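See below for query16.pdb, which holds PDB, C-alpha atoms and all ligand atoms.
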ATOM      1  CA  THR A   1       0.000   0.000   0.000
ATOM      2  CA  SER A   2       1.620   3.205  -1.257
ATOM      3  CA  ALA A   3       1.142   6.675   0.227
ATOM      4  CA  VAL A   4      -1.099   7.575  -2.717
ATOM      5  CA  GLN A   5      -3.124   4.382  -2.371
ATOM      6  CA  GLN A   6      -3.542   5.075   1.357
ATOM      7  CA  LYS A   7      -4.752   8.624   0.609
ATOM      8  CA  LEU A   8      -7.287   7.268  -1.902
ATOM      9  CA  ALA A   9      -8.510   4.740   0.670
ATOM     10  CA  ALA A  10      -8.963   7.576   3.190
ATOM     11  CA  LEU A  11     -10.915   9.587   0.624
ATOM     12  CA  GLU A  12     -13.054   6.560  -0.100
ATOM     13  CA  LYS A  13     -13.657   6.005   3.628
ATOM     14  CA  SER A  14     -15.105   9.516   4.072
ATOM     15  CA  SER A  15     -17.152   9.215   0.882
ATOM     16  CA  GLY A  16     -19.084   6.177   2.069
ATOM     17  CA  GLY A  17     -18.953   4.898  -1.507
ATOM     18  CA  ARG A  18     -16.656   2.648  -3.540
ATOM     19  CA  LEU A  19     -13.846   4.296  -5.483
ATOM     20  CA  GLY A  20     -11.800   2.867  -8.349
ATOM     21  CA  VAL A  21      -8.748   4.583  -9.772
ATOM     22  CA  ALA A  22      -6.189   3.757 -12.442
ATOM     23  CA  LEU A  23      -3.398   6.032 -13.500
ATOM     24  CA  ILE A  24      -0.891   5.369 -16.250
ATOM     25  CA  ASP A  25       1.993   7.831 -16.328
ATOM     26  CA  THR A  26       3.463   7.679 -19.824
ATOM     27  CA  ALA A  27       6.679   9.298 -18.502
ATOM     28  CA  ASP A  28       7.687   5.826 -17.245
ATOM     29  CA  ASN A  29       4.649   3.609 -18.014
ATOM     30  CA  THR A  30       4.062   3.124 -14.281
ATOM     31  CA  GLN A  31       0.618   2.625 -12.869
ATOM     32  CA  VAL A  32      -1.147   3.593  -9.691
ATOM     33  CA  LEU A  33      -4.234   1.503  -8.969
ATOM     34  CA  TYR A  34      -6.922   1.586  -6.317
ATOM     35  CA  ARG A  35      -9.510  -1.211  -6.687
ATOM     36  CA  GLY A  36      -7.968  -1.422 -10.160
ATOM     37  CA  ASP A  37      -9.314  -4.870 -10.877
ATOM     38  CA  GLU A  38     -12.818  -4.415  -9.444
ATOM     39  CA  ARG A  39     -15.786  -3.910 -11.787
ATOM     40  CA  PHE A  40     -17.676  -0.631 -11.941
ATOM     41  CA  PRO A  41     -20.630   0.457 -14.094
ATOM     42  CA  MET A  42     -19.220   2.579 -16.930
ATOM     43  CA  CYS A  43     -22.286   4.672 -17.704
ATOM     44  CA  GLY A  44     -21.331   7.384 -20.229
ATOM     45  CA  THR A  45     -17.605   6.608 -20.125
ATOM     46  CA  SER A  46     -18.553   3.730 -22.472
ATOM     47  CA  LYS A  47     -19.237   6.349 -25.155
ATOM     48  CA  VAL A  48     -15.499   6.575 -25.826
ATOM     49  CA  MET A  49     -15.379   2.901 -26.846
ATOM     50  CA  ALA A  50     -18.369   3.282 -29.165
ATOM     51  CA  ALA A  51     -17.027   6.435 -30.841
ATOM     52  CA  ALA A  52     -13.581   4.815 -31.208
ATOM     53  CA  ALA A  53     -15.144   1.736 -32.796
ATOM     54  CA  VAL A  54     -16.854   3.932 -35.400
ATOM     55  CA  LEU A  55     -13.587   5.800 -36.003
ATOM     56  CA  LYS A  56     -11.923   2.435 -36.628
ATOM     57  CA  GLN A  57     -14.629   1.504 -39.148
ATOM     58  CA  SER A  58     -14.078   4.863 -40.868
ATOM     59  CA  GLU A  59     -10.466   3.890 -41.599
ATOM     60  CA  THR A  60     -11.740   1.485 -44.296
ATOM     61  CA  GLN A  61     -15.320   2.699 -45.021
ATOM     62  CA  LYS A  62     -13.900   6.086 -46.009
ATOM     63  CA  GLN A  63     -17.061   8.260 -46.144
ATOM     64  CA  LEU A  64     -18.662   6.675 -43.102
ATOM     65  CA  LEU A  65     -18.349   9.770 -40.878
ATOM     66  CA  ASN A  66     -20.312  11.768 -43.464
ATOM     67  CA  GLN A  67     -23.058   9.147 -43.716
ATOM     68  CA  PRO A  68     -26.456  10.617 -42.751
ATOM     69  CA  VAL A  69     -28.384   8.809 -40.069
ATOM     70  CA  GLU A  70     -32.120   9.383 -39.651
ATOM     71  CA  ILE A  71     -33.276  10.701 -36.287
ATOM     72  CA  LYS A  72     -36.928   9.867 -35.573
ATOM     73  CA  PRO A  73     -39.111  10.991 -32.652
ATOM     74  CA  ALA A  74     -39.085   7.388 -31.369
ATOM     75  CA  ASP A  75     -35.241   7.473 -31.162
ATOM     76  CA  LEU A  76     -35.230  10.105 -28.429
ATOM     77  CA  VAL A  77     -34.440   8.815 -24.983
ATOM     78  CA  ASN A  78     -33.833  10.554 -21.622
ATOM     79  CA  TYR A  79     -31.126  13.072 -22.522
ATOM     80  CA  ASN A  80     -30.594  14.164 -26.114
ATOM     81  CA  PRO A  81     -29.734  17.846 -26.269
ATOM     82  CA  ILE A  82     -28.267  17.566 -29.755
ATOM     83  CA  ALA A  83     -30.372  14.820 -31.342
ATOM     84  CA  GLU A  84     -33.673  16.490 -30.476
ATOM     85  CA  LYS A  85     -32.688  19.424 -32.697
ATOM     86  CA  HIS A  86     -32.538  17.004 -35.627
ATOM     87  CA  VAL A  87     -35.651  14.870 -35.171
ATOM     88  CA  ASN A  88     -37.257  14.122 -38.559
ATOM     89  CA  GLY A  89     -33.914  15.022 -40.105
ATOM     90  CA  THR A  90     -30.435  13.490 -40.131
ATOM     91  CA  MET A  91     -27.061  13.676 -38.412
ATOM     92  CA  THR A  92     -23.800  12.224 -39.696
ATOM     93  CA  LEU A  93     -21.824   9.676 -37.713
ATOM     94  CA  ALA A  94     -19.232  12.401 -37.038
ATOM     95  CA  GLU A  95     -22.012  14.641 -35.638
ATOM     96  CA  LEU A  96     -23.322  11.713 -33.595
ATOM     97  CA  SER A  97     -19.824  10.955 -32.263
ATOM     98  CA  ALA A  98     -19.242  14.595 -31.271
ATOM     99  CA  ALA A  99     -22.657  14.829 -29.633
ATOM    100  CA  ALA A 100     -22.190  11.591 -27.704
ATOM    101  CA  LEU A 101     -18.712  12.528 -26.486
ATOM    102  CA  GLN A 102     -18.920  16.277 -25.922
ATOM    103  CA  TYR A 103     -22.541  16.620 -24.768
ATOM    104  CA  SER A 104     -23.135  13.043 -23.556
ATOM    105  CA  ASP A 105     -26.140  12.787 -25.880
ATOM    106  CA  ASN A 106     -27.778   9.379 -25.267
ATOM    107  CA  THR A 107     -29.655   9.166 -28.569
ATOM    108  CA  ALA A 108     -26.332   9.856 -30.341
ATOM    109  CA  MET A 109     -24.734   6.975 -28.391
ATOM    110  CA  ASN A 110     -27.582   4.659 -29.465
ATOM    111  CA  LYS A 111     -26.893   5.526 -33.098
ATOM    112  CA  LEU A 112     -23.191   4.611 -32.612
ATOM    113  CA  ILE A 113     -24.217   1.344 -30.999
ATOM    114  CA  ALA A 114     -26.674   0.599 -33.846
ATOM    115  CA  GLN A 115     -23.975   1.309 -36.445
ATOM    116  CA  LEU A 116     -21.830  -1.332 -34.673
ATOM    117  CA  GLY A 117     -24.627  -3.955 -34.696
ATOM    118  CA  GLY A 118     -25.647  -3.571 -31.063
ATOM    119  CA  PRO A 119     -23.886  -3.414 -27.720
ATOM    120  CA  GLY A 120     -21.891  -6.590 -28.575
ATOM    121  CA  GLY A 121     -20.351  -4.723 -31.516
ATOM    122  CA  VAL A 122     -18.800  -2.322 -29.056
ATOM    123  CA  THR A 123     -17.498  -5.198 -26.936
ATOM    124  CA  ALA A 124     -16.096  -6.797 -30.109
ATOM    125  CA  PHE A 125     -14.076  -3.679 -30.826
ATOM    126  CA  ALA A 126     -12.748  -3.685 -27.254
ATOM    127  CA  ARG A 127     -11.572  -7.259 -27.718
ATOM    128  CA  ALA A 128      -9.961  -6.343 -31.057
ATOM    129  CA  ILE A 129      -7.770  -3.765 -29.341
ATOM    130  CA  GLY A 130      -6.753  -6.049 -26.468
ATOM    131  CA  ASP A 131      -9.355  -5.125 -23.854
ATOM    132  CA  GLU A 132     -10.624  -8.432 -22.472
ATOM    133  CA  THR A 133     -12.533  -6.756 -19.638
ATOM    134  CA  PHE A 134     -14.889  -4.190 -21.072
ATOM    135  CA  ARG A 135     -18.448  -5.300 -21.741
ATOM    136  CA  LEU A 136     -21.389  -3.365 -23.174
ATOM    137  CA  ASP A 137     -24.649  -5.288 -22.818
ATOM    138  CA  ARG A 138     -27.407  -2.712 -23.219
ATOM    139  CA  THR A 139     -28.305   0.472 -25.061
ATOM    140  CA  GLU A 140     -29.119   3.892 -23.562
ATOM    141  CA  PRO A 141     -30.624   4.570 -21.112
ATOM    142  CA  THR A 142     -30.744   1.195 -19.379
ATOM    143  CA  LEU A 143     -26.964   0.705 -19.507
ATOM    144  CA  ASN A 144     -26.916   3.215 -16.575
ATOM    145  CA  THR A 145     -28.828   1.105 -14.016
ATOM    146  CA  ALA A 146     -25.500   0.630 -12.189
ATOM    147  CA  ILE A 147     -26.814  -2.042  -9.817
ATOM    148  CA  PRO A 148     -24.184  -3.266  -7.351
ATOM    149  CA  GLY A 149     -22.924  -6.726  -8.302
ATOM    150  CA  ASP A 150     -24.361  -6.517 -11.832
ATOM    151  CA  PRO A 151     -21.648  -7.257 -14.415
ATOM    152  CA  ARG A 152     -23.582  -5.697 -17.296
ATOM    153  CA  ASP A 153     -22.016  -2.621 -18.828
ATOM    154  CA  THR A 154     -18.977  -2.655 -16.586
ATOM    155  CA  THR A 155     -15.237  -2.584 -16.775
ATOM    156  CA  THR A 156     -12.281  -2.242 -14.383
ATOM    157  CA  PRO A 157     -10.229   0.915 -13.858
ATOM    158  CA  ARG A 158      -7.049  -0.909 -15.034
ATOM    159  CA  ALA A 159      -8.651  -2.066 -18.265
ATOM    160  CA  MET A 160     -10.188   1.294 -19.083
ATOM    161  CA  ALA A 161      -6.957   3.173 -18.464
ATOM    162  CA  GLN A 162      -4.988   0.807 -20.698
ATOM    163  CA  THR A 163      -7.627   1.137 -23.423
ATOM    164  CA  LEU A 164      -7.796   4.918 -23.188
ATOM    165  CA  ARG A 165      -4.008   5.060 -23.473
ATOM    166  CA  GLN A 166      -4.011   2.781 -26.562
ATOM    167  CA  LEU A 167      -6.774   4.845 -28.214
ATOM    168  CA  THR A 168      -5.493   8.385 -27.497
ATOM    169  CA  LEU A 169      -1.708   8.023 -27.236
ATOM    170  CA  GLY A 170      -1.035   4.647 -28.847
ATOM    171  CA  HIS A 171      -1.816   3.021 -32.154
ATOM    172  CA  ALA A 172      -5.205   1.371 -31.708
ATOM    173  CA  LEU A 173      -6.533   3.907 -34.224
ATOM    174  CA  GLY A 174      -4.973   5.394 -37.349
ATOM    175  CA  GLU A 175      -3.192   8.729 -36.795
ATOM    176  CA  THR A 176      -6.002  10.870 -38.222
ATOM    177  CA  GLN A 177      -8.608   8.966 -36.178
ATOM    178  CA  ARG A 178      -6.572   9.196 -32.964
ATOM    179  CA  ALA A 179      -6.239  12.946 -33.496
ATOM    180  CA  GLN A 180     -10.010  13.240 -34.038
ATOM    181  CA  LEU A 181     -10.731  11.354 -30.833
ATOM    182  CA  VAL A 182      -8.320  13.550 -28.872
ATOM    183  CA  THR A 183      -9.859  16.689 -30.389
ATOM    184  CA  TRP A 184     -13.335  15.506 -29.350
ATOM    185  CA  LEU A 185     -12.277  14.659 -25.773
ATOM    186  CA  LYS A 186     -10.455  17.994 -25.365
ATOM    187  CA  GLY A 187     -13.684  19.747 -26.424
ATOM    188  CA  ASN A 188     -15.828  17.981 -23.843
ATOM    189  CA  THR A 189     -18.345  20.302 -22.192
ATOM    190  CA  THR A 190     -19.200  18.209 -19.129
ATOM    191  CA  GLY A 191     -15.932  17.672 -17.286
ATOM    192  CA  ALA A 192     -14.868  20.744 -15.358
ATOM    193  CA  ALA A 193     -16.190  19.491 -11.993
ATOM    194  CA  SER A 194     -14.621  16.040 -12.201
ATOM    195  CA  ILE A 195     -11.019  14.923 -12.793
ATOM    196  CA  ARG A 196     -10.111  18.311 -14.240
ATOM    197  CA  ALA A 197     -11.205  20.123 -11.073
ATOM    198  CA  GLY A 198      -8.427  18.324  -9.186
ATOM    199  CA  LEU A 199      -5.603  19.237 -11.578
ATOM    200  CA  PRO A 200      -3.325  22.271 -11.525
ATOM    201  CA  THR A 201      -4.869  25.024 -13.657
ATOM    202  CA  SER A 202      -1.835  25.022 -16.016
ATOM    203  CA  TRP A 203      -2.475  21.441 -17.134
ATOM    204  CA  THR A 204      -4.680  20.565 -20.122
ATOM    205  CA  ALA A 205      -6.866  17.524 -20.605
ATOM    206  CA  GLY A 206      -9.630  15.789 -22.501
ATOM    207  CA  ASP A 207     -12.183  13.629 -20.704
ATOM    208  CA  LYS A 208     -15.476  11.770 -20.819
ATOM    209  CA  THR A 209     -17.814  11.686 -17.828
ATOM    210  CA  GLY A 210     -20.532   9.213 -16.887
ATOM    211  CA  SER A 211     -23.375   9.249 -14.376
ATOM    212  CA  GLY A 212     -25.912   6.649 -13.291
ATOM    213  CA  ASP A 213     -28.162   5.331 -10.588
ATOM    214  CA  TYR A 214     -26.512   4.422  -7.250
ATOM    215  CA  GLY A 215     -24.945   7.894  -7.396
ATOM    216  CA  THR A 216     -22.534   6.502  -9.950
ATOM    217  CA  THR A 217     -20.112   9.292 -10.891
ATOM    218  CA  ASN A 218     -17.341   8.555 -13.385
ATOM    219  CA  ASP A 219     -14.643  10.206 -15.472
ATOM    220  CA  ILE A 220     -11.855   9.042 -17.782
ATOM    221  CA  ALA A 221      -9.190  11.442 -18.952
ATOM    222  CA  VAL A 222      -6.080  11.962 -20.958
ATOM    223  CA  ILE A 223      -3.965  14.648 -19.371
ATOM    224  CA  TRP A 224      -1.011  16.785 -20.424
ATOM    225  CA  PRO A 225       0.711  18.053 -17.290
ATOM    226  CA  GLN A 226       2.879  21.128 -17.427
ATOM    227  CA  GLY A 227       6.375  19.991 -18.473
ATOM    228  CA  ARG A 228       5.586  16.250 -18.306
ATOM    229  CA  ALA A 229       4.636  13.373 -20.598
ATOM    230  CA  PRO A 230       0.884  12.725 -20.705
ATOM    231  CA  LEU A 231      -1.126  10.706 -18.205
ATOM    232  CA  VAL A 232      -4.216   8.604 -18.508
ATOM    233  CA  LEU A 233      -6.512   8.643 -15.477
ATOM    234  CA  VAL A 234      -9.735   6.773 -14.720
ATOM    235  CA  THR A 235     -11.859   7.583 -11.655
ATOM    236  CA  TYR A 236     -14.964   5.488 -11.022
ATOM    237  CA  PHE A 237     -17.287   5.972  -8.046
ATOM    238  CA  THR A 238     -20.484   4.244  -7.025
ATOM    239  CA  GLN A 239     -22.681   4.234  -3.909
ATOM    240  CA  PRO A 240     -24.872   1.779  -1.938
ATOM    241  CA  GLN A 241     -28.378   3.190  -2.532
ATOM    242  CA  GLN A 242     -30.148   3.624  -5.849
ATOM    243  CA  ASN A 243     -31.027   7.272  -5.275
ATOM    244  CA  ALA A 244     -27.655   8.472  -4.050
ATOM    245  CA  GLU A 245     -26.520  11.928  -5.149
ATOM    246  CA  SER A 246     -23.782  12.623  -7.687
ATOM    247  CA  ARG A 247     -20.288  13.142  -6.173
ATOM    248  CA  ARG A 248     -18.082  14.753  -8.800
ATOM    249  CA  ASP A 249     -16.181  16.284  -5.880
ATOM    250  CA  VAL A 250     -14.891  12.812  -4.968
ATOM    251  CA  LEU A 251     -13.457  12.409  -8.466
ATOM    252  CA  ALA A 252     -11.817  15.842  -8.233
ATOM    253  CA  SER A 253     -10.295  14.887  -4.881
ATOM    254  CA  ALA A 254      -8.972  11.610  -6.292
ATOM    255  CA  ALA A 255      -7.374  13.460  -9.188
ATOM    256  CA  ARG A 256      -5.785  15.966  -6.809
ATOM    257  CA  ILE A 257      -4.270  13.133  -4.717
ATOM    258  CA  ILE A 258      -2.916  11.596  -7.924
ATOM    259  CA  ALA A 259      -1.449  14.936  -9.124
ATOM    260  CA  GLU A 260       0.145  15.668  -5.745
ATOM    261  CA  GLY A 261       1.684  12.165  -5.770
ATOM    262  CA  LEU A 262       3.455  12.443  -9.146
TER
HETATM  263  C1  LIG B   1     -33.785   2.195 -16.876
HETATM  264  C2  LIG B   1     -33.931   3.309 -15.849
HETATM  265  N1  LIG B   1     -32.732   4.149 -15.919
HETATM  266  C3  LIG B   1     -31.524   3.786 -15.155
HETATM  267  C4  LIG B   1     -30.901   5.041 -14.597
HETATM  268  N2  LIG B   1     -30.669   6.020 -15.685
HETATM  269  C5  LIG B   1     -29.605   6.822 -15.589
HETATM  270  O1  LIG B   1     -28.990   6.834 -14.525
HETATM  271  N3  LIG B   1     -29.259   7.602 -16.585
HETATM  272  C6  LIG B   1     -28.094   8.489 -16.432
HETATM  273  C7  LIG B   1     -27.583   8.910 -17.794
HETATM  274  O2  LIG B   1     -28.326   8.899 -18.769
HETATM  275  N4  LIG B   1     -26.289   9.211 -17.827
HETATM  276  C8  LIG B   1     -25.616   9.637 -19.081
HETATM  277  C9  LIG B   1     -24.202   9.083 -19.207
HETATM  278  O3  LIG B   1     -23.638   8.645 -18.187
HETATM  279  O4  LIG B   1     -23.701   9.161 -20.354
HETATM  280  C10 LIG B   1     -25.534  11.178 -19.223
HETATM  281  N5  LIG B   1     -24.806  11.844 -18.056
HETATM  282  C11 LIG B   1     -25.797  12.531 -17.145
HETATM  283  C12 LIG B   1     -25.093  13.586 -16.327
HETATM  284  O5  LIG B   1     -23.918  13.849 -16.646
HETATM  285  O6  LIG B   1     -25.751  14.116 -15.405
HETATM  286  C13 LIG B   1     -26.912  13.166 -17.948
HETATM  287  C14 LIG B   1     -28.183  13.341 -17.102
HETATM  288  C15 LIG B   1     -26.461  14.497 -18.560
HETATM  289  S1  LIG B   1     -27.153  11.948 -19.205
HETATM  290  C16 LIG B   1     -28.465   9.695 -15.556
HETATM  291  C17 LIG B   1     -27.655  10.044 -14.480
HETATM  292  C18 LIG B   1     -28.013  11.108 -13.667
HETATM  293  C19 LIG B   1     -29.167  11.832 -13.930
HETATM  294  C20 LIG B   1     -29.991  11.472 -14.990
HETATM  295  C21 LIG B   1     -29.632  10.396 -15.799
HETATM  296  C22 LIG B   1     -31.623   6.108 -16.737
HETATM  297  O7  LIG B   1     -31.526   6.956 -17.615
HETATM  298  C23 LIG B   1     -32.716   5.238 -16.751
HETATM  299  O8  LIG B   1     -33.675   5.445 -17.504
HETATM  300  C1  LIG B   2      -4.984 -13.110 -39.888
HETATM  301  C2  LIG B   2      -5.357 -12.674 -38.481
HETATM  302  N1  LIG B   2      -6.347 -11.562 -38.517
HETATM  303  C3  LIG B   2      -5.960 -10.223 -39.047
HETATM  304  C4  LIG B   2      -7.201  -9.446 -39.499
HETATM  305  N2  LIG B   2      -8.224  -9.469 -38.421
HETATM  306  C5  LIG B   2      -8.947  -8.352 -38.190
HETATM  307  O1  LIG B   2      -8.769  -7.382 -38.936
HETATM  308  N3  LIG B   2      -9.798  -8.323 -37.173
HETATM  309  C6  LIG B   2     -10.628  -7.136 -36.852
HETATM  310  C7  LIG B   2     -11.648  -7.557 -35.830
HETATM  311  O2  LIG B   2     -11.409  -8.465 -35.044
HETATM  312  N4  LIG B   2     -12.766  -6.854 -35.799
HETATM  313  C8  LIG B   2     -13.761  -7.137 -34.753
HETATM  314  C9  LIG B   2     -14.534  -8.435 -34.988
HETATM  315  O3  LIG B   2     -14.532  -8.921 -36.145
HETATM  316  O4  LIG B   2     -15.109  -8.917 -33.985
HETATM  317  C10 LIG B   2     -14.729  -5.950 -34.572
HETATM  318  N5  LIG B   2     -15.662  -5.830 -35.762
HETATM  319  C11 LIG B   2     -15.427  -4.544 -36.515
HETATM  320  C12 LIG B   2     -16.739  -4.126 -37.217
HETATM  321  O5  LIG B   2     -17.813  -4.598 -36.764
HETATM  322  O6  LIG B   2     -16.642  -3.376 -38.199
HETATM  323  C13 LIG B   2     -14.881  -3.436 -35.582
HETATM  324  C14 LIG B   2     -14.055  -2.404 -36.358
HETATM  325  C15 LIG B   2     -16.016  -2.754 -34.817
HETATM  326  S1  LIG B   2     -13.848  -4.371 -34.455
HETATM  327  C16 LIG B   2      -9.811  -6.034 -36.163
HETATM  328  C17 LIG B   2     -10.319  -4.730 -36.096
HETATM  329  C18 LIG B   2      -9.611  -3.728 -35.426
HETATM  330  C19 LIG B   2      -8.401  -4.034 -34.809
HETATM  331  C20 LIG B   2      -7.912  -5.338 -34.848
HETATM  332  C21 LIG B   2      -8.624  -6.341 -35.511
HETATM  333  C22 LIG B   2      -8.413 -10.668 -37.705
HETATM  334  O7  LIG B   2      -9.245 -10.755 -36.802
HETATM  335  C23 LIG B   2      -7.615 -11.769 -38.024
HETATM  336  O8  LIG B   2      -8.010 -12.920 -37.838
END

How does this structure look as structure tokens?
Ligand SMILES: CCN1CCN(C(=O)N[C@@H](C(=O)N[C@H](C(=O)O)[C@@H]2N[C@@H](C(=O)O)C(C)(C)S2)c2ccccc2)C(=O)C1=O
Ligand SMILES: CCN1CCN(C(=O)N[C@@H](C(=O)N[C@H](C(=O)O)[C@@H]2N[C@@H](C(=O)O)C(C)(C)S2)c2ccccc2)C(=O)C1=O
Amino acid sequence: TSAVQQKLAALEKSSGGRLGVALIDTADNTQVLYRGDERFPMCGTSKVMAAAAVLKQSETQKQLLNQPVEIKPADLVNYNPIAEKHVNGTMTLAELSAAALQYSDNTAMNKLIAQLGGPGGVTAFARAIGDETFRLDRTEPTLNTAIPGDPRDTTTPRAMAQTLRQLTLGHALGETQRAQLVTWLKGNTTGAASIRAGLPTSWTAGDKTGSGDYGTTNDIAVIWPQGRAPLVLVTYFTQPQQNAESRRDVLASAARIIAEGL
């Protein structure tokens, strides 16, 4: 148990919830894990895998990102700030990817999933890039039920950090596709209260949040610290009762402990 791990355990203790953290410091490829091999519900953090899978398809189906996809009134789910503007019209897969990632649009995510042949198509992509842990089982919005002990739509912090590193800094995607994914993550609108809140102001980052029942509050990020090689950081948090409140502050605290421990 390292000093950082002990600090994360203390944070967890005062949160009353269950915290999972995985850091990969690309300066030396070292990792810091806290419940790194335990499963957590991904919620919206799964949107990165779906968007990446579509980017991979676009490497060989060249005009795929410009392909129009019909948005019908029946497609709307619980949160669709971008898709609802286009009901009875169309959005391209690039527009759907940007909406899913940067606005966490759930209808947009469902269109990515459908393009991949269902939730299993997203899992298949994960397996293709060496992630043997990730599993997507349902569409939006039920993939956010986040029931304790339920393996559906979960992953481990270790697996997600390794995957995010491969996708954003490694070669799981072609260069142009990797750059697109990084651009989308850096333009996220929903992350200032989570991991990024715990980082020094001078650092830059891209991230994808997730939220669900059981007060499930998640974030996965690629970070560029001032004067250092980039990091990949995953912070997952989930609570004992279905109606628990969101705790983005716990993710910010975890990120601050990680930054102070570098
Ligand atoms: C089947 C019943 N059921 C299970 C629970 N559930 C969700 O927990 N959905 C979650 C969901 O769709 N979460 C999405 C996600 O994790 O990307 C988006 N992130 C939420 C956020 O950042 O606050 C959102 C409300 C912008 S939607 C949700 C979490 C908190 C508040 C509202 C929705 C549902 O939507 C739902 O219908
Ligand atoms: C000769 C060995 N060999 C080399 C060629 N190959 C593949 O190209 N497999 C591909 C593979 O296993 N693709 C996966 C699969 O077939 O479930 C997933 N299906 C694709 C789709 O539905 O369009 C995906 C892009 C969502 S990934 C692969 C894709 C990306 C990264 C690595 C592998 C093989 O699998 C294979 O057997």

Coordinates of box centre and edge lengths for ligand LIG 2 (chain B), 6 Å on every side, axis-aligned, as lines of an AutoDock Vina configuration file:
center_x = -11.4
center_y = -7.8
center_z = -36.9
size_x = 24.8
size_y = 22.7
size_z = 17.9

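Taking all atoms listed in the file into account, the residues that come within 8 Å of ligand LIG 2 (chain B) are residues 53, 54, 56, 57, 116, 117, 121, 122, 124, 125, 126, 127, 128, 129 and 172 of chain A.
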
I need the chosen residues saved as a PDB file, keeping the file's coordinate frame, with C-alpha atoms.
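What landed in selection_30.pdb:
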ATOM      1  CA  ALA A  53     -15.144   1.736 -32.796  1.00  0.00           C
ATOM      2  CA  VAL A  54     -16.854   3.932 -35.400  1.00  0.00           C
ATOM      3  CA  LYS A  56     -11.923   2.435 -36.628  1.00  0.00           C
ATOM      4  CA  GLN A  57     -14.629   1.504 -39.148  1.00  0.00           C
ATOM      5  CA  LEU A 116     -21.830  -1.332 -34.673  1.00  0.00           C
ATOM      6  CA  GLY A 117     -24.627  -3.955 -34.696  1.00  0.00           C
ATOM      7  CA  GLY A 121     -20.351  -4.723 -31.516  1.00  0.00           C
ATOM      8  CA  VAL A 122     -18.800  -2.322 -29.056  1.00  0.00           C
ATOM      9  CA  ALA A 124     -16.096  -6.797 -30.109  1.00  0.00           C
ATOM     10  CA  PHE A 125     -14.076  -3.679 -30.826  1.00  0.00           C
ATOM     11  CA  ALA A 126     -12.748  -3.685 -27.254  1.00  0.00           C
ATOM     12  CA  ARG A 127     -11.572  -7.259 -27.718  1.00  0.00           C
ATOM     13  CA  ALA A 128      -9.961  -6.343 -31.057  1.00  0.00           C
ATOM     14  CA  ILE A 129      -7.770  -3.765 -29.341  1.00  0.00           C
ATOM     15  CA  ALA A 172      -5.205   1.371 -31.708  1.00  0.00           C
TER      16      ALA A 172
END

Query raised in the report: If you count only C-alpha atoms, which residues fall within 10 Å of range 13-22 of chain A, apart from same-chain ones fewer than 4 positions away, as a ChimeraX atom specification?
Result: /A:5,7-9,31-40,156-162,214-220,232-241,244,247,249-251,254-255,258

Report summary line: In terms of only C-alpha atoms and all ligand atoms, the residue from A:168, A:26, A:67, A:144 at minimal distance from ligand LIG 1 (chain B) is A:144

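Nearest residue to residue 75 in chain A among A:141, A:170, A:225, A:130 is A:141, counting only C-alpha atoms.
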
Query raised in the report: Taking the file as shown, what set of residues would the PyMOL selection byres (((chain A and resi 188) around 8) and not hetatm) give back, as a VMD selection string?
Result: chain A and resid 101 to 103 184 to 187 189 to 191 206 to 208

Query raised in the report: Between A:195, A:51, A:3, A:231, which is the closest to residue 93 in chain A once you count all atoms listed in the file?
Result: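 The answer is A:51, which sits nearest to residue 93 in chain A.
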
Query - Result set of the PyMOL selection byres (((not hetatm)) within 8 of (chain B and resi 1)) on the coordinates above, as a PyMOL selection string - result: chain A and resi 42-47+78-79+100+103-106+140-146+190+209-213+215-216+218+246

Requested in this report: Kindly give the distance, in Å, that separates CA of residue 252 in chain A and CA of residue 193 in chain A, rounded to a single decimal.
Outcome: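 CA of residue 252 in chain A sits 6.8 Å away from CA of residue 193 in chain A.
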
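Among the candidates A:139, A:58, A:66, A:88, the one nearest to residue 113 in chain A when counting all atoms listed in the file is A:139.
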
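CA of residue 63 in chain A sits 25.4 Å away from CA of residue 76 in chain A.
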
Report task. I would like the residues chosen by the PyMOL selection byres (((chain A and resi 70) around 7) and not hetatm) on the shown file; could you give them as a PyMOL selection string? Result -> chain A and resi 68-69+71-72+89-91

Output for the residues just chosen: C-alpha atoms as a PDB file, in the coordinates of the input:
ATOM      1  CA  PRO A  68     -26.456  10.617 -42.751  1.00  0.00           C
ATOM      2  CA  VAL A  69     -28.384   8.809 -40.069  1.00  0.00           C
ATOM      3  CA  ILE A  71     -33.276  10.701 -36.287  1.00  0.00           C
ATOM      4  CA  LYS A  72     -36.928   9.867 -35.573  1.00  0.00           C
ATOM      5  CA  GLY A  89     -33.914  15.022 -40.105  1.00  0.00           C
ATOM      6  CA  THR A  90     -30.435  13.490 -40.131  1.00  0.00           C
ATOM      7  CA  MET A  91     -27.061  13.676 -38.412  1.00  0.00           C
TER       8      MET A  91
END

**Report entry** d(CA of residue 74 in chain A, CA of residue 136 in chain A) in Å
**Finding:**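 Separation of CA of residue 74 in chain A and CA of residue 136 in chain A: 22.3 Å.
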
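Considering the residues A:12, A:25, A:95, A:59 and counting only C-alpha atoms, residue 174 in chain A has its shortest atom-to-atom contact with A:59.
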